[PDB]
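Accompanying notes for the structure given below.
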Amino acid sequence: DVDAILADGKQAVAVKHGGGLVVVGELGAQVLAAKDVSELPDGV
Amino acid sequence: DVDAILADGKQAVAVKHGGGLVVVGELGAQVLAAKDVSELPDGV
Amino acid sequence: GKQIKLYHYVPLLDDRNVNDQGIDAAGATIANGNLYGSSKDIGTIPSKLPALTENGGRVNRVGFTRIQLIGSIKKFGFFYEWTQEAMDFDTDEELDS
Amino acid sequence: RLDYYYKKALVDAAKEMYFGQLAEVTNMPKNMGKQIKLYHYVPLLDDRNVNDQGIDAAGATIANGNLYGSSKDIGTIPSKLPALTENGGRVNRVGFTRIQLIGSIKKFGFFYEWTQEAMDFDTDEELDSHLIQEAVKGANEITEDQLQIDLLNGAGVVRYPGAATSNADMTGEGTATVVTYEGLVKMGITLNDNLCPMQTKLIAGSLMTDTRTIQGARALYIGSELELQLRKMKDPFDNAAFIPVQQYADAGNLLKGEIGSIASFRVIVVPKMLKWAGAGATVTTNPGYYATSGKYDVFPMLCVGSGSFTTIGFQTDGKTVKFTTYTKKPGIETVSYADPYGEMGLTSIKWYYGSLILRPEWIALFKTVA
Amino acid sequence: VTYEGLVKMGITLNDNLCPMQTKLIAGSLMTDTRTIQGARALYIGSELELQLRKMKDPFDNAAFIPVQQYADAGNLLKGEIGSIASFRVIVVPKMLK
């Protein structure tokens with residue numbers, strides 16, 4: 001359920017050109033917001 | 001072409017500000033959906 | 001071309017309504033597009049109800065399918081033949097009728 | 001060209017409604033929360049009455065403020081009778097209790113999308129009409145199960161054939177736990193104590209040749225599969241028990257979709273009757289019973305009264321539900337940063353459903369047959 | 001053919017078919033008539049007429065209803081010989097086998 005996603009803390013966006021919802025995680029957002037190999041979180 | 005994205009079993013998310021289109025992958029989304037080091041695939 | 005093609009539209013909630021346009025209440029893409037199926041079993045159908053929330057969004061997507069029906073037409077015939085000598089010399093004079 | 005395209009399409013009919021008509025609505029205010037509460041009162045003598053005020057007539061507290069309760073036993077009532085001596089110092093000290101009933105309202109909805117290409121270059125030019133007809137009909141269908149699922153789940157009167165007590169107990173392996181004529185009459189007897197009133201009056205009898213007279217009964221909703229078992233059902237006198245509908249059609253009025261009557265029940269067949277599929281016992285050597293999905297399939301027999309289904313409508317104007325549709329036709333209406341061309345459409349149906357099941361004395365008896 | 005076997009067609013076929021062509025015949029003021037339910041014309045070869053005639057209901061009574069037992073009550077179909085359960089029996093000279 002979508003509320004479980006929000007209650008967990010993860011956000012969500014809308015996939016327009018085919019698909020449903022992808023859910024943004026905290027690490028993923030940091031992973032997603034990386035320019036070079038020295039801007040992504042430590043784990044990855 | 002955008003149809004080639006869906007044919008690859010791939011969904012795509014629009015960008016409001018300056019991207020236009022960002023292609024979203026199921027491994028990427030599963031990577032992107034992650035709180036901490038626990039929820040990323042074995043490949044990472 | 002000796003073929004008649006028809007279009008039968010199945011109900012939404014029938015198991016014949018197999019379509020890829022399926023999104024669940026979690027926003028993910030599901031396989032079964034005909035939500036809740038035709039299964040009249042209350043052990044599963046409470047789970048697959050279209051439960052929305054206050055948030056709303058791209059959840060509980062459904063599709064629709066249609067079926068073709070094709071007919072056919074064939075030729076059939078027969079005949080008989082008689083000789084002149086049969087009719088004139090026959091005992092009955094109404095054989096032709 | 002190789003074939004002729006016939007225009008008229010084959011469209012499946014909509015399953016006739018059978019449960020939504022029997023419910024009554026209770027309006028729920030907007031500005032306040034999403035729950036409705038009730039205070040059901042119980043009789044003093046009923047065993048449901050539990051209370052701390054229980055001082056014995058000739059003595060101290062005994063933690064029983066219901067006198068003899070509902071014992072109905074001649075060996076008990078005289079002892080617990082409120083006997084009083086000449087000196088009226090203290091007595092039974094009866095108490096009273098009220099029951100809190102809670103009802104919830106949930107949200108459900110649909111949506112589907114179509115591209116302009118699909119509507120334009122399609123073999124059939126009536127695609128839009130077929131989609132909306134199929135969509136709204138399904139919303140009508142889904143609403144029905146919402147009601148029926150709750151009614152089946154909530155029923156105080158749940159009789160089990162034979163010596164069974166749970167769904168898992170039922171099997172067709174040995175002596176198949178099936179509906180007996182003895183079982184059906186007891187459900188009526190249990191229903192005869194109170195709640196469910198007599199849906200219909202008794203049939204006096206009309207001047208005919210074959211017509212029979214039936215007693216006042218209450219509608220019992222049954223799936224199509226179990227109908228045969230009710231048909232070939234021997235009475236105690238080895239005669240028929242399933243009185244056919246035709247044998248009292250002339251005399252009394254008829255309820256929709258009627259098949260017949262047994263004792264104090266008129267049989268109603270519903271095409272869309274949910275069942276406990278594959279919830280019985282493992283089918284090792286299933287003796288040709290249609291009830292087989294991994295395990296034995298359990299079928300219900302429902303008899304709804306007239307005070308056991310309070311459907312709460314949030315803003316529904318005297319209806320079990322309203323459907324709220326939203327059509328965004330492809331074109332300018334759907335032009336945005338996402339699609340600056342407008343080659344997408346959208347239709348969504350939203351609704352609000354909830355039930356209460358007040359006075360839960362509905363009858364739901366199981367059966368594994370066919 | 002068996003009585004439950006015949007009605008097993010009816011219940012399944014009731015779950016889909018076209019309605020009961022004929023209505024439900026009510027009771028008549030006569031002295032020998034019976035009452036038959038709504039039926040759908042069943043077509044049968046004359047060889048099986050005897051089998052239906054000496055047909056036993058589950059309660060060891062007569063199952064076939066001779067058509068004259070509801071002749072005055074309702075309307076008779078062409079070639080009708082009688083009715084069984086939810087089927088009015090129609091005999092056809094040219095039925096196959």
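As shown in the structure tokens, the chain order sets the letters A, B, ...; within each chain, residues go from 1, and ligands are also counted from 1 in the order they appear.
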| message | Please identify the helix (DSSP H, G or I) residues within chain A (assignment by DSSP from backbone atoms) and present them as a list in words. | response | residues 2, 3, 4, 5, 6, 7, 8, 26, 27, 28, 29, 30, 31 and 32 of chain A
| query | Which residues come within 10 Å of region 14-16 of chain E, counting only C-alpha atoms, excluding same-chain residues fewer than 5 positions away, as a list in words? | reply | residues 12, 13, 224, 270, 271 and 272 of chain D; 7, 8, 9 and 86 of chain E
| said: Among chain B, which ones does DSSP assign to strand (DSSP E or B) (computed from the backbone)? Answer as a list in words. | reply: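 Answer for chain B restricted to strand (DSSP E or B) is residues 11, 12, 13, 14, 15, 20, 21, 22, 23 and 24 of chain B.
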| What lies within 10 Å of residue 84 (chain D) using only C-alpha atoms, ignoring chain neighbours under 5 positions off, as a PyMOL selection string? | chain D and resi 57-58+89-92
Only C-alpha atoms, please: the residues just picked out, written as a compact mmCIF listing (two decimals), in the first residue's frame.
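Saved file part_29.txt follows:
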```txt
# COMPACT_ATOMS: atom_id res chain seq x y z
CA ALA D 57 -29.89 -11.32 48.08
CA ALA D 58 -29.06 -13.11 51.33
CA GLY D 89 -31.94 -5.25 53.82
CA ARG D 90 -30.23 -6.25 50.58
CA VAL D 91 -31.20 -8.06 47.40
CA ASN D 92 -29.87 -9.20 44.01
```
| Residue nearest chain E among D:328, D:80, D:232, D:159 (counting only C-alpha atoms) |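 Nearest to chain E: D:232.
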| message | Report as a list in words all protein, DNA and RNA residues lying within 8 Å of region 3-16 of chain B, evaluated on only C-alpha atoms, omitting residues in the same chain fewer than 4 positions from it. | response |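 What passes the distance filter is residues 14, 15, 16, 17, 18 and 19 of chain A; 20, 21, 22, 23, 24, 25 and 26 of chain B; 337 and 338 of chain D.
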For the selection you just gave me, I'd like the residues written to a file as a short mmCIF file (atom, residue, chain, number, x, y, z; two decimals), in the first residue's frame, keeping N, CA, C and O atoms.
```
data_model
loop_
_atom_site.label_atom_id
_atom_site.label_comp_id
_atom_site.auth_asym_id
_atom_site.auth_seq_id
_atom_site.Cartn_x
_atom_site.Cartn_y
_atom_site.Cartn_z
N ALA A 14 5.86 9.62 -10.01
CA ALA A 14 4.89 9.03 -10.93
C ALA A 14 5.60 8.73 -12.25
O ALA A 14 6.25 9.61 -12.81
N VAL A 15 5.47 7.49 -12.72
CA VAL A 15 6.05 7.08 -13.99
C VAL A 15 5.02 7.31 -15.09
O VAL A 15 4.02 6.59 -15.18
N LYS A 16 5.26 8.31 -15.94
CA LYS A 16 4.27 8.71 -16.95
C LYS A 16 4.34 7.82 -18.18
O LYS A 16 3.34 7.19 -18.55
N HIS A 17 5.50 7.75 -18.83
CA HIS A 17 5.64 7.03 -20.09
C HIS A 17 5.79 5.54 -19.80
O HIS A 17 6.85 4.94 -19.95
N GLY A 18 4.68 4.93 -19.38
CA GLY A 18 4.65 3.50 -19.18
C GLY A 18 5.14 3.11 -17.80
O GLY A 18 6.25 3.46 -17.42
N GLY A 19 4.32 2.39 -17.04
CA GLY A 19 4.68 1.95 -15.71
C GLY A 19 3.80 2.59 -14.65
O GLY A 19 2.92 3.40 -14.94
N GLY B 20 13.68 16.37 -19.13
CA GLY B 20 12.80 15.94 -20.19
C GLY B 20 12.36 14.51 -20.03
O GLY B 20 11.16 14.23 -19.94
N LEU B 21 13.32 13.58 -19.99
CA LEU B 21 13.01 12.17 -19.81
C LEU B 21 14.19 11.50 -19.12
O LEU B 21 15.34 11.68 -19.55
N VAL B 22 13.91 10.73 -18.07
CA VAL B 22 14.90 9.90 -17.40
C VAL B 22 14.38 8.47 -17.42
O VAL B 22 13.26 8.21 -16.96
N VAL B 23 15.18 7.56 -17.95
CA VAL B 23 14.80 6.15 -18.04
C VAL B 23 15.13 5.47 -16.72
O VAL B 23 16.24 5.62 -16.18
N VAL B 24 14.17 4.72 -16.20
CA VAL B 24 14.25 4.13 -14.87
C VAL B 24 14.25 2.61 -14.98
O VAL B 24 13.35 2.01 -15.59
N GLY B 25 15.29 1.98 -14.42
CA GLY B 25 15.48 0.55 -14.52
C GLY B 25 15.13 -0.20 -13.25
O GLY B 25 15.25 0.30 -12.14
N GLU B 26 14.70 -1.45 -13.44
CA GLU B 26 14.22 -2.26 -12.32
C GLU B 26 15.35 -2.59 -11.34
O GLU B 26 15.15 -2.59 -10.12
N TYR D 337 3.82 19.28 -19.05
CA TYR D 337 5.26 19.06 -19.21
C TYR D 337 5.56 17.60 -19.50
O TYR D 337 6.52 17.29 -20.22
N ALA D 338 4.78 16.68 -18.94
CA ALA D 338 4.98 15.26 -19.18
C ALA D 338 4.76 14.93 -20.65
O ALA D 338 5.69 14.47 -21.33
#
```
Closest contacts (chain C/chain A, max 9 Å, only C-alpha atoms) as JSON lines:
```
{"residue": "C:21", "atom": "CA", "partner": "A:19", "partner_atom": "CA", "distance": 8.7}
{"residue": "C:22", "atom": "CA", "partner": "A:20", "partner_atom": "CA", "distance": 8.8}
{"residue": "C:23", "atom": "CA", "partner": "A:20", "partner_atom": "CA", "distance": 6.2}
{"residue": "C:24", "atom": "CA", "partner": "A:20", "partner_atom": "CA", "distance": 8.5}
{"residue": "C:25", "atom": "CA", "partner": "A:1", "partner_atom": "CA", "distance": 5.4}
{"residue": "C:26", "atom": "CA", "partner": "A:1", "partner_atom": "CA", "distance": 4.6}
{"residue": "C:27", "atom": "CA", "partner": "A:21", "partner_atom": "CA", "distance": 4.4}
{"residue": "C:28", "atom": "CA", "partner": "A:20", "partner_atom": "CA", "distance": 5.5}
{"residue": "C:29", "atom": "CA", "partner": "A:20", "partner_atom": "CA", "distance": 6.1}
{"residue": "C:51", "atom": "CA", "partner": "A:1", "partner_atom": "CA", "distance": 8.1}
{"residue": "C:52", "atom": "CA", "partner": "A:1", "partner_atom": "CA", "distance": 8.1}
{"residue": "C:53", "atom": "CA", "partner": "A:3", "partner_atom": "CA", "distance": 7.3}
{"residue": "C:54", "atom": "CA", "partner": "A:3", "partner_atom": "CA", "distance": 8.5}
{"residue": "C:55", "atom": "CA", "partner": "A:3", "partner_atom": "CA", "distance": 7.5}
{"residue": "C:56", "atom": "CA", "partner": "A:2", "partner_atom": "CA", "distance": 8.2}
{"residue": "C:57", "atom": "CA", "partner": "A:14", "partner_atom": "CA", "distance": 7.9}
{"residue": "C:58", "atom": "CA", "partner": "A:20", "partner_atom": "CA", "distance": 5.8}
{"residue": "C:59", "atom": "CA", "partner": "A:20", "partner_atom": "CA", "distance": 7.1}
{"residue": "C:61", "atom": "CA", "partner": "A:20", "partner_atom": "CA", "distance": 8.6}
```
| task | One decimal, Å: what's the distance from CA of residue 279 (chain D) over to CA of residue 370 (chain D), could you say? | result |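 So the two atoms, CA of residue 279 (chain D) and CA of residue 370 (chain D), lie 15.5 Å apart.
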| said: For residue 289 (chain D), find every residue with an atom within 7 Å (counting only C-alpha atoms), except residues of its own chain fewer than 2 positions away, and show them as a PyMOL selection string. | reply: chain D and resi 286-287+291-292+369-370
Given only C-alpha atoms, how would the per-residue table for chain E near chain D read, listing every residue at most 6 Å away with its closest atom pair and distance in Å to one decimal, sorted by chain and number, as CSV?
```
residue,atom,partner,partner_atom,distance
E:26,CA,D:250,CA,5.9
E:27,CA,D:208,CA,4.8
E:28,CA,D:208,CA,4.9
E:29,CA,D:208,CA,4.6
E:33,CA,D:209,CA,5.9
E:34,CA,D:210,CA,5.1
E:35,CA,D:210,CA,5.9
E:37,CA,D:246,CA,5.7
E:58,CA,D:232,CA,5.9
```
Could those selected residues go to a file with N, CA and C atoms, as a compact mmCIF listing (two decimals), in the first residue's frame?
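Result went into result.txt, see below:
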```txt
# COMPACT_ATOMS: atom_id res chain seq x y z
N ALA E 26 -48.55 -22.56 -14.22
CA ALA E 26 -49.16 -22.54 -12.90
C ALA E 26 -50.17 -23.67 -12.76
N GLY E 27 -50.94 -23.66 -11.68
CA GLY E 27 -51.92 -24.69 -11.43
C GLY E 27 -53.25 -24.39 -12.10
N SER E 28 -53.90 -25.45 -12.57
CA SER E 28 -55.22 -25.35 -13.17
C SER E 28 -56.26 -25.95 -12.22
N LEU E 29 -57.52 -25.57 -12.44
CA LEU E 29 -58.63 -26.05 -11.63
C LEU E 29 -59.07 -27.45 -12.02
N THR E 33 -54.42 -32.53 -13.61
CA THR E 33 -53.28 -31.78 -14.10
C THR E 33 -52.18 -31.67 -13.06
N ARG E 34 -50.95 -31.51 -13.54
CA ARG E 34 -49.78 -31.23 -12.73
C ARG E 34 -49.21 -29.87 -13.12
N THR E 35 -48.19 -29.44 -12.39
CA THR E 35 -47.55 -28.16 -12.62
C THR E 35 -46.09 -28.38 -13.01
N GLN E 37 -42.34 -26.46 -14.29
CA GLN E 37 -41.56 -25.24 -14.21
C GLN E 37 -41.16 -24.76 -15.60
N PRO E 58 -35.86 -38.98 -7.96
CA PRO E 58 -35.10 -39.42 -6.79
C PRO E 58 -35.97 -39.99 -5.67
```
| request: Would you mind listing what lies within 8 Å of region 68-71 of chain C as a ChimeraX atom specification, with only C-alpha atoms counted and same-chain residues fewer than 6 positions away left out? | output: /C:3-8
| region 97-110 of chain D environment, 7 Å, only C-alpha atoms, sequence neighbours closer than 3 positions dropped, as a PyMOL selection string | (chain C and resi 50-53+60-61) or (chain D and resi 34-42+49-51+348-356)
Export of the given selection (N, CA and C atoms) as a short mmCIF file (atom, residue, chain, number, x, y, z; two decimals), in the first residue's frame:
```cif
data_model
loop_
_atom_site.label_atom_id
_atom_site.label_comp_id
_atom_site.auth_asym_id
_atom_site.auth_seq_id
_atom_site.Cartn_x
_atom_site.Cartn_y
_atom_site.Cartn_z
N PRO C 50 -9.54 -3.31 -4.84
CA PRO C 50 -8.87 -2.07 -5.29
C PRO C 50 -8.75 -1.04 -4.17
N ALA C 51 -7.99 -1.38 -3.14
CA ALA C 51 -7.88 -0.54 -1.95
C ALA C 51 -7.08 0.71 -2.26
N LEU C 52 -7.76 1.85 -2.37
CA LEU C 52 -7.10 3.13 -2.48
C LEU C 52 -6.95 3.78 -1.11
N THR C 53 -6.22 4.89 -1.07
CA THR C 53 -5.99 5.61 0.17
C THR C 53 -6.25 7.09 -0.08
N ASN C 60 -3.93 0.61 -8.93
CA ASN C 60 -5.09 -0.15 -9.38
C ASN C 60 -5.45 0.18 -10.83
N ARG C 61 -4.55 -0.17 -11.75
CA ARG C 61 -4.82 -0.04 -13.18
C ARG C 61 -5.40 -1.34 -13.71
N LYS D 34 -13.76 8.93 10.58
CA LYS D 34 -14.12 7.85 9.67
C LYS D 34 -14.62 6.61 10.41
N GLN D 35 -15.39 6.80 11.47
CA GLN D 35 -15.91 5.66 12.21
C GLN D 35 -17.26 6.02 12.81
N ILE D 36 -18.11 5.00 12.95
CA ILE D 36 -19.44 5.15 13.51
C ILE D 36 -19.59 4.14 14.65
N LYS D 37 -20.12 4.60 15.77
CA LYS D 37 -20.24 3.76 16.95
C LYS D 37 -21.69 3.66 17.42
N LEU D 38 -22.00 2.51 18.03
CA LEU D 38 -23.34 2.20 18.50
C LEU D 38 -23.24 1.66 19.91
N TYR D 39 -24.33 1.80 20.67
CA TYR D 39 -24.44 1.27 22.02
C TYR D 39 -25.62 0.30 22.03
N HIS D 40 -25.33 -0.98 21.80
CA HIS D 40 -26.38 -1.99 21.85
C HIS D 40 -26.63 -2.42 23.29
N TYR D 41 -27.90 -2.46 23.68
CA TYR D 41 -28.28 -2.81 25.04
C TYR D 41 -28.71 -4.27 25.11
N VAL D 42 -28.35 -4.94 26.19
CA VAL D 42 -28.66 -6.36 26.36
C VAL D 42 -29.68 -6.54 27.47
N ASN D 49 -25.04 -10.21 29.89
CA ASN D 49 -24.97 -9.25 30.98
C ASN D 49 -23.94 -9.66 32.02
N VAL D 50 -22.81 -8.96 32.06
CA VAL D 50 -21.78 -9.16 33.06
C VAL D 50 -21.52 -7.81 33.72
N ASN D 51 -21.42 -7.80 35.04
CA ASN D 51 -21.31 -6.56 35.79
C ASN D 51 -20.82 -6.85 37.20
N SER D 348 -11.02 7.36 -14.17
CA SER D 348 -10.85 6.79 -12.84
C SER D 348 -12.19 6.79 -12.13
N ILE D 349 -12.50 5.69 -11.45
CA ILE D 349 -13.74 5.54 -10.69
C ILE D 349 -13.36 5.36 -9.23
N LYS D 350 -13.84 6.25 -8.36
CA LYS D 350 -13.58 6.18 -6.93
C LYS D 350 -14.89 6.01 -6.18
N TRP D 351 -14.85 5.29 -5.06
CA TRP D 351 -16.04 5.05 -4.26
C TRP D 351 -15.65 4.73 -2.82
N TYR D 352 -16.64 4.78 -1.94
CA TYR D 352 -16.45 4.59 -0.50
C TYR D 352 -17.47 3.58 0.00
N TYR D 353 -17.01 2.49 0.62
CA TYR D 353 -17.88 1.43 1.09
C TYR D 353 -17.56 1.06 2.53
N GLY D 354 -18.60 0.76 3.30
CA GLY D 354 -18.43 0.28 4.66
C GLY D 354 -19.70 -0.36 5.16
N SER D 355 -19.55 -1.32 6.08
CA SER D 355 -20.68 -2.06 6.63
C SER D 355 -20.54 -2.13 8.15
N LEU D 356 -21.63 -2.50 8.81
CA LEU D 356 -21.67 -2.55 10.27
C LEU D 356 -21.96 -3.93 10.83
#
```
| task | For chain D, report every residue with an atom at most 9 Å from chain C (counting only C-alpha atoms), formatted as a VMD selection string. | result | chain D and resid 1 to 14 106 to 113 124 130 to 131 134 to 135 137 to 138 141 to 142 145 to 146 149 272 to 279 350
Next, write the just-selected residues to a file, as a tab-separated table (two decimals), in the first residue's frame, keeping N, CA and C atoms as the atom set.
```tsv
chain	number	residue	atom	x	y	z
D	1	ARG	N	-8.44	-8.08	-49.17
D	1	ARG	CA	-9.55	-8.42	-48.29
D	1	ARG	C	-9.85	-9.92	-48.35
D	2	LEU	N	-10.08	-10.53	-47.19
D	2	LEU	CA	-10.26	-11.97	-47.10
D	2	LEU	C	-11.50	-12.36	-46.31
D	3	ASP	N	-12.14	-11.39	-45.66
D	3	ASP	CA	-13.28	-11.70	-44.82
D	3	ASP	C	-14.17	-10.47	-44.66
D	4	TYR	N	-15.40	-10.71	-44.22
D	4	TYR	CA	-16.37	-9.65	-44.00
D	4	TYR	C	-16.44	-9.34	-42.51
D	5	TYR	N	-16.37	-8.06	-42.17
D	5	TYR	CA	-16.37	-7.62	-40.77
D	5	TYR	C	-17.80	-7.31	-40.37
D	6	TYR	N	-18.35	-8.14	-39.49
D	6	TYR	CA	-19.67	-7.87	-38.94
D	6	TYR	C	-19.55	-6.84	-37.82
D	7	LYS	N	-20.43	-5.84	-37.84
D	7	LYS	CA	-20.28	-4.71	-36.94
D	7	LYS	C	-20.74	-5.05	-35.52
D	8	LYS	N	-21.96	-5.57	-35.39
D	8	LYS	CA	-22.54	-5.86	-34.08
D	8	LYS	C	-21.66	-6.82	-33.29
D	9	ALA	N	-21.36	-6.46	-32.05
D	9	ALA	CA	-20.45	-7.22	-31.22
D	9	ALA	C	-21.20	-8.06	-30.20
D	10	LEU	N	-20.53	-9.10	-29.71
D	10	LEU	CA	-21.08	-9.97	-28.68
D	10	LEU	C	-20.61	-9.45	-27.32
D	11	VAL	N	-21.53	-8.91	-26.54
D	11	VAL	CA	-21.23	-8.32	-25.24
D	11	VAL	C	-21.89	-9.17	-24.16
D	12	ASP	N	-21.11	-9.53	-23.15
D	12	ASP	CA	-21.64	-10.32	-22.04
D	12	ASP	C	-22.59	-9.47	-21.20
D	13	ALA	N	-23.66	-10.10	-20.73
D	13	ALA	CA	-24.63	-9.41	-19.90
D	13	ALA	C	-24.07	-9.18	-18.50
D	14	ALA	N	-24.69	-8.24	-17.78
D	14	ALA	CA	-24.27	-7.91	-16.43
D	14	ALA	C	-24.98	-8.83	-15.44
D	106	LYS	N	-13.89	2.44	4.37
D	106	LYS	CA	-12.65	2.36	3.61
D	106	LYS	C	-12.84	2.96	2.22
D	107	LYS	N	-11.72	3.12	1.51
D	107	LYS	CA	-11.70	3.76	0.21
D	107	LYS	C	-11.21	2.78	-0.85
D	108	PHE	N	-11.86	2.81	-2.01
D	108	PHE	CA	-11.50	1.96	-3.13
D	108	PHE	C	-11.73	2.71	-4.43
D	109	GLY	N	-10.99	2.34	-5.47
D	109	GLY	CA	-11.09	3.05	-6.73
D	109	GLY	C	-10.44	2.34	-7.89
D	110	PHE	N	-10.64	2.90	-9.08
D	110	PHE	CA	-10.14	2.37	-10.34
D	110	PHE	C	-9.38	3.45	-11.09
D	111	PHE	N	-8.74	3.03	-12.19
D	111	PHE	CA	-8.30	3.93	-13.25
D	111	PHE	C	-7.77	3.10	-14.40
D	112	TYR	N	-7.97	3.60	-15.61
D	112	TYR	CA	-7.36	3.00	-16.80
D	112	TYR	C	-7.11	4.10	-17.82
D	113	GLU	N	-6.18	3.83	-18.73
D	113	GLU	CA	-5.69	4.83	-19.67
D	113	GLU	C	-5.68	4.26	-21.08
D	124	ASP	N	-12.55	-1.64	-34.75
D	124	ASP	CA	-13.87	-1.24	-34.29
D	124	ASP	C	-13.85	0.23	-33.89
D	130	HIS	N	-17.62	0.43	-25.55
D	130	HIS	CA	-17.44	-0.88	-24.94
D	130	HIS	C	-16.62	-0.79	-23.66
D	131	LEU	N	-15.62	0.09	-23.64
D	131	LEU	CA	-14.77	0.19	-22.46
D	131	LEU	C	-15.54	0.74	-21.27
D	134	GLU	N	-18.02	-1.80	-19.96
D	134	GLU	CA	-17.36	-2.86	-19.21
D	134	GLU	C	-16.81	-2.33	-17.89
D	135	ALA	N	-16.32	-1.09	-17.89
D	135	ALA	CA	-15.74	-0.52	-16.67
D	135	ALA	C	-16.80	-0.31	-15.60
D	137	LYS	N	-19.81	-1.55	-15.35
D	137	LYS	CA	-20.44	-2.81	-14.95
D	137	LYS	C	-19.58	-3.54	-13.92
D	138	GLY	N	-18.27	-3.54	-14.13
D	138	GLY	CA	-17.38	-4.18	-13.16
D	138	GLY	C	-17.40	-3.48	-11.82
D	141	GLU	N	-20.18	-4.81	-10.18
D	141	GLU	CA	-19.86	-6.15	-9.72
D	141	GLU	C	-19.03	-6.11	-8.44
D	142	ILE	N	-17.93	-5.34	-8.46
D	142	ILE	CA	-17.01	-5.33	-7.33
D	142	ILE	C	-17.72	-4.90	-6.06
D	145	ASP	N	-19.39	-7.82	-4.11
D	145	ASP	CA	-18.56	-8.67	-3.27
D	145	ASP	C	-18.17	-7.96	-1.98
D	146	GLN	N	-17.95	-6.65	-2.05
D	146	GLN	CA	-17.68	-5.87	-0.85
D	146	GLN	C	-18.75	-6.11	0.20
D	149	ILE	N	-18.85	-10.21	1.07
D	149	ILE	CA	-17.71	-10.71	1.85
D	149	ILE	C	-17.93	-10.42	3.33
D	272	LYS	N	-23.45	-15.14	-8.70
D	272	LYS	CA	-22.13	-14.78	-8.18
D	272	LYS	C	-22.15	-14.97	-6.67
D	273	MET	N	-21.92	-16.21	-6.24
D	273	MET	CA	-21.91	-16.57	-4.83
D	273	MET	C	-20.50	-17.01	-4.46
D	274	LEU	N	-19.83	-16.23	-3.62
D	274	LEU	CA	-18.48	-16.56	-3.20
D	274	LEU	C	-18.47	-17.83	-2.36
D	275	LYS	N	-17.37	-18.57	-2.44
D	275	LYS	CA	-17.25	-19.85	-1.75
D	275	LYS	C	-15.87	-19.98	-1.13
D	276	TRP	N	-15.77	-20.81	-0.09
D	276	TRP	CA	-14.50	-21.11	0.56
D	276	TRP	C	-13.79	-22.19	-0.25
D	277	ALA	N	-13.20	-21.77	-1.36
D	277	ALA	CA	-12.54	-22.71	-2.25
D	277	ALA	C	-11.24	-23.23	-1.64
D	278	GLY	N	-11.07	-24.55	-1.69
D	278	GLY	CA	-9.86	-25.19	-1.21
D	278	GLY	C	-9.55	-24.93	0.24
D	279	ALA	N	-10.58	-24.94	1.09
D	279	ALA	CA	-10.40	-24.71	2.52
D	279	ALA	C	-10.86	-25.89	3.37
D	350	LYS	N	-13.84	6.25	-8.36
D	350	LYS	CA	-13.58	6.18	-6.93
D	350	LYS	C	-14.89	6.01	-6.18
```
